[PDB]
Protein chains: 2
Amino acid sequence: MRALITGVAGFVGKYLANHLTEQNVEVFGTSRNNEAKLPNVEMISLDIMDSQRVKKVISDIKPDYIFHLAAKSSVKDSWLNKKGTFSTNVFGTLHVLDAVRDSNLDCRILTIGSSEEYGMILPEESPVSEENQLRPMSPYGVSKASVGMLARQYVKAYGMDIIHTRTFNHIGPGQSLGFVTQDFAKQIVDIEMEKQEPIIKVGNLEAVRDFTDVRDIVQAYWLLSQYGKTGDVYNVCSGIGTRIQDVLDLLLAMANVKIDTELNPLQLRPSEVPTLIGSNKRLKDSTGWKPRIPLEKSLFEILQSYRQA
Amino acid sequence: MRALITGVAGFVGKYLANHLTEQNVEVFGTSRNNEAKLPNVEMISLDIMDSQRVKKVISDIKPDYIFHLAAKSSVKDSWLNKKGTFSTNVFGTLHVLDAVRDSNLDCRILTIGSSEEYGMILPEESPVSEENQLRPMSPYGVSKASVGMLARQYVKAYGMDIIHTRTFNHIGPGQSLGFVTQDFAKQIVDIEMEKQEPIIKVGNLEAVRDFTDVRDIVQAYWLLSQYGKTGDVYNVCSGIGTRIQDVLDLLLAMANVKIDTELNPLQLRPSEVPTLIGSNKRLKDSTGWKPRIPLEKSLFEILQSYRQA
Ligand SMILES: Nc1ncnc2c1ncn2[C@@H]1O[C@H](COP(=O)(O)OP(=O)(O)OC[C@H]2O[C@@H](O)[C@H](O)[C@@H]2O)[C@@H](O)[C@H]1OP(=O)(O)O
Ligand SMILES: Nc1ncnc2c1ncn2[C@@H]1O[C@H](COP(=O)(O)OP(=O)(O)OC[C@H]2O[C@@H](O)[C@H](O)[C@@H]2O)[C@@H](O)[C@H]1OP(=O)(O)O
Ligand SMILES: Nc1nc2c(ncn2[C@@H]2O[C@H](COP(=O)(O)OP(=O)(O)O[C@H]3O[C@H](CO)[C@@H](O)[C@H](O)[C@@H]3O)[C@@H](O)[C@H]2O)c(=O)[nH]1
Ligand SMILES: Nc1nc2c(ncn2[C@@H]2O[C@H](COP(=O)(O)OP(=O)(O)O[C@H]3O[C@H](CO)[C@@H](O)[C@H](O)[C@@H]3O)[C@@H](O)[C@H]2O)c(=O)[nH]1
């Protein structure tokens, strides 16, 4: 009946809160933005790095569910901020887990991991299933791999109720800049608004990612909390690989001016996973989840968001 | 040739320093205690958690080799100090790597990892080789798995010269208390000296570990520095599994007096790897290394160290 979402003012957070409120769940959300407000959410000021405040907030609210979304979410920025990505993602998670363990709460925690935990996938391994070797290629990936490992250990050592996800690329209106669909859509609309030369600036167009709309993601998170098996890991993904080139092409075909493409070398990463496509069989079998929103719709709605801003 | 050993005043460090000085390597060593001192080592005061002081030391010395041993080495203690084990092992390592990166030094770094990175190994996987998946069971294991992943990433992203070890249990005279062969030997000699009732307090006797004498370990580290392949991971182990029961029985057979055995529940860990036995084939093939000192001899010399004060 009672859910706590850390990082509720983030991209996924707002959609998740909306989704839970519609399932008649009482929603509490935490953020560092002491002015942030969300419809039907009790908002709580919390820095996930303040271990004693994490333990106070969780002790006060006594949630039945925690969806732990507070994190440094950028792969790109983890190269520059390796330690900060690790302190926030690993230690923030530990503070949450230790709060529950200490309060001895009857609570299920969903920890949010990443397809970056897999990293380099052997061609024979794709689409990747949950038993696949973890070979992270980015510092972010190392942080999420550590979160997952600790999740499993807390289940084993302390009898806790934790489910870890490995979420693949998630997209939709409201995602911050620094992520590919936002970075591209934003330039396109600026070009339409004659605020930028008709030339779009891009990074690596050869990468392949598995994209799912944030609205489908939060349904999967809800369903996992309800039907998932304690201590299991679940891929949350569409099972379809799209080249970044084709994400760009889909977006450009929706623009109402002709647009040239140009390499921006500051968008390249020191090392990157060339391809990530996941198997969602475990998730589908456990929950009856299916993605519903096609990539084309997601991308169009992102363009619409910038256009109406 | 100049070598820098971090954590030089630790168990492995003192032996490694002695070994390197015998190879006509100029040895510089770091420790947090300013009242240390080692034959033929230039001692430097350094806390590995001080990123700017780490850079300064590495900038000053301009070493050809760094043997990075500074760490929180206890698996037992990692359950109580999860964040400290993480900050020291992962961030300490990042400080070293970034210092070398910044100074653009022509330097090979040996990062020291652990069989705890493997964790739970399937019977068909034993003895484990370096491509086995990582399924750590202890927070310590997560910290070392992260060190290894990051070492591989710095090679790939930045073109650095780094070799990572996965070292299995290492033993010998001078190891601190809190590790099994020391905890057992100390009590036996205290019992011989009539300082303790003839009952030894012990933890889990059913665990299996792969033991190698520290004098052999440091030869492996030296040889890897010379002959190892950049970006490769090497198990450093004997390939022989010994039950802790049998470790104890070997020690009791060497004692003066009949000694009974009793469980001390405080020696039990929340969750533990039942069995770790490694393949040393990659190391032997690359370097010609072989373990020379039998387990019985290591255990004997440990007892002698307590008996001789
Ligand atoms: N020290 C912290 N204490 C409390 N919250 C923190 C702290 N550091 C960061 N966050 C928050 O986490 C939220 C993460 O949201 P987004 O960056 O928009 O990511 P998204 O909602 O797409 O991803 C949610 C989860 O899904 C994963 O992909 C990602 O790593 C994360 O675990 C942000 O609002 C971010 O908030 P802020 O914008 O830094 O104030
Ligand atoms: N923040 C720190 N800054 C500088 N040094 C540090 C810091 N934290 C710990 N150390 C040192 O690392 C040394 C590690 O030595 P032992 O605990 O005796 O471990 P051992 O020498 O058996 O193992 C060497 C390597 O092999 C692995 O077993 C272990 O994780 C480590 O990576 C200790 O002298 C330990 O010294 P101290 O007793 O904690 O002062
Ligand atoms: N951001 C960005 N990415 C670009 C650009 N050009 C090409 N790309 C490429 O587009 C791909 C997706 O990058 P991002 O959208 O930044 O996300 P990510 O690095 O894959 O990480 C996202 O997905 C993970 C799940 O796999 C999430 O765990 C993570 O938090 C994030 O949402 C990457 O291969 C990136 O190099 C650009 O201009 N901007
Ligand atoms: N310390 C200790 N261990 C005991 C005792 N009784 C049983 N044990 C068991 O003896 C085994 C060895 O434990 P330790 O000597 O504490 O070492 P460890 O946890 O295996 O870790 C050591 O080896 C790793 C390499 O695999 C190293 O990475 C790590 O730094 C450390 O040296 C474990 O299964 C432990 O539970 C006891 O009284 N004391």
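Letters A, B, ... mirror the listed sequences (proteins, then strands); counts begin at 1. Atoms considered below: every heavy atom in the structure, side chains included; atoms not considered: hydrogens, waters and symmetry mates. Order of appearance sets the numbers: ligands from 1, and atoms from 1 within every ligand.
The N/O atoms of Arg269(A), backbone and side chain alike, include one that comes under 3.5 Å of an N/O atom in ligand 3. Polar contact with ligand 3: present for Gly178(A) (N/O pair, distance under 3.5 Å). Residue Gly203(B) has at least one N or O atom closer than 3.5 Å to an N or O atom of ligand 4.
Against a heavy-atom cut-off of under 4.0 Å, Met49(B) is close to the following atoms of ligand 2: 1 (N). The contact set between ligand 2 and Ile48(B), taken as ligand atoms under 4.0 Å from a residue heavy atom, comprises 1 (N), 2 (C), 3 (N), 4 (C). For ligand 2, the atoms lying closer than 4.0 Å to a non-hydrogen atom of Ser73(B) are 16 (P), 17 (O), 19 (O), 29 (C), 30 (O). Less than 4.0 angstrom separates some heavy atom of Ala70(B) from each of these atoms of ligand 2: 5 (N), 12 (O). Close contacts between ligand 2 and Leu46(B) involve ligand atoms 4 (C) [criterion: under 4.0 Å to a heavy atom]. Short contacts between ligand 2 and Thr88(B), defined as distances under 4.0 Å to a heavy atom of the residue, involve ligand atoms 8 (N). Near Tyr140(B), the atoms of ligand 2 lying under 4.0 angstrom from a non-hydrogen atom of the residue are 27 (C), 28 (O), 29 (C), 30 (O).
Stacking of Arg166(A) on the aromatic ring of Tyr118(A) is recorded, both the 6.0 Å distance cut-off and the 45° axial limit being met.
Closest to atom 18 (O) of ligand 2, if we only count protein heavy atoms, is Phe11(B) N, 2.9 Å.
Within the 4.0 Å heavy-atom cutoff, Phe179(B) does not count among the residues contacting ligand 2. The shortest heavy-atom distance from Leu69(B) to ligand 2 is under 4.0 Å.
Closest heavy-atom approach to atom 36 (O) of ligand 4 among the candidates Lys76(B), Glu272(B), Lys201(B): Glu272(B). Counting heavy atoms only, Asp183(A) comes closest to atom 39 (N) of ligand 3 of the residues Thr165(A), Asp183(A), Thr167(A). The nearest non-hydrogen atom to atom 17 (O) of ligand 3, considering only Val75(A), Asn169(A), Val180(A), comes from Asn169(A).
With a 4.0 Å cut-off on non-hydrogen atoms, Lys144(B) does not touch ligand 4 at all. Heavy atoms of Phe168(B) found under 4.0 angstrom from ligand 4 belong exclusively to the backbone. With a 4.0 Å cut-off on non-hydrogen atoms, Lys144(B) touches ligand 2 through its side chain and not its backbone.
Contact annotation for atom 38 (O) of ligand 2: protein absent (non-hydrogen atoms, distance under 4.0 Å).
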